[PDB]
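*Asks:* have a look at this fold, sequence not included:
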RNA sequence: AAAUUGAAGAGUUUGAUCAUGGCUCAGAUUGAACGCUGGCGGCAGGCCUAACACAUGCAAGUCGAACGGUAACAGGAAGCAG
Ligand SMILES: [Mg+2]
C-alpha cells in the first residue's frame, strides 16, 4: 500500500560570488509490495522539502516487476553506469541478503527472498537505478511462453 | 526420509559531482602474548624461539618348563650339643 523509504540524503554545494550555496538531495524509493517499485531523486534547500519532492517523483514513474511467489524470477544482472549489480532468487526463509540501497529497493518492491551483491561503484543513486533496471527487465515464464510461441508447460 | 538454505556494506581525494584507485573499518579464527581483573566445574590444549648445553631420578626386560649351578633367602632333612 505504497511503502516508501528514503535511502540516502546528501548535501551538495554550489559556489557563487558570495560564497557557497548548500542544498540537499534525497533519494527515496516507494513501492506497493506486489511488484511495483519506483525511485525518486528530489533536491531542495532543506531536507524535508527535498524528501517531499523525491517522494512525489518516486510515486510517479513507477514500474511493474514480474515476481514469482515473493522472489525473483531468475538470476538477473543489471548495470547503470558504475553500478553493476547481481541478484539471485533464493529459497523461502532466506530473507533479503542485499546491501543498503539495494535492500531498500528490493523490500519496497516486495521481494521477500533474494541474494544480492552490488559490484562496481556502490553510489546509492546509481545502484538503485541499476537494481530497478534489472528488476524491470526480468521476465516471467508466461512472458517467455508468449515470446517463443509455446505453452508455459512446454517450457517449464 | 535427510546430508550445499547460498553471496550486505561503510568511512576517506572534491567547493560540490560522477568515475578510477588505494588506505582503513565492521566478521570469523589462534599452540597465541601483554595490560586490568578473576568464584566453580566439565572436555581439550600447553617450547611456535636454541636440531642450544644438560645436574638428578626413571623410560627394556624377561624365561629355572633350554643349561651348568647356589651368592642369598625360606624351609625341611642327616649330624648333632642345652
Ligand atoms: Mg621446537
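*Replies:* Nice, I can see it. Residues are numbered from 1 along each chain as shown, chains lettered A, B, ... in the order given.
*Asks:* every contact and neighbour count from this point should use C-alpha atoms.
*Replies:* OK.
*Asks:* show me what contacts residue A:49?
*Replies:* Applying CA atoms under 8 Å, 6 or more residues apart in numbering to residue A:49 gives the contacts residue A:43.
*Asks:* secondary structure class for it?
*Replies:* Under DSSP: H, G, I helix; E, B strand; the rest coil, residue A:49 falls in the helix class.
*Asks:* mind checking how far it is from RNA strand B?
*Replies:* Distance of residue A:49 to RNA strand B, given as CA to the nearest atom of the strand, to the nearest Å: 18 Å.
*Asks:* the strands in chain A, which residues?
*Replies:* Along chain A, the stretches classed as strands by DSSP state E are A:3-15, A:20-31, A:37-44, A:76-80, A:83-89, A:96-97, A:114-120.
*Asks:* is the shortest one up against RNA strand B anywhere?
*Replies:* Yes - against RNA strand B, strand A:96-97 shows contacts by CA under 7 Å from any atom of the strand at residue A:97.
*Asks:* one more: the last one?
*Replies:* Yes - residues of strand A:114-120 contacting RNA strand B under CA under 7 Å from any atom of the strand: A:115, A:116, A:117, A:118, A:119, A:120.
*Asks:* and the residues you listed, which of them are buried?
*Replies:* Neighbour counting with 16 or more other CA atoms under 10 Å marks A:115, A:116, A:117, A:118 as buried within the residues of strand A:114-120 next to RNA strand B.
*Asks:* pretty sure the second one is touching residue A:99, no?
*Replies:* By that I understand residue A:116. Yes - look at residue A:116 against residue A:99 with CA atoms under 8 Å: they come within range, at 7.3 Å.
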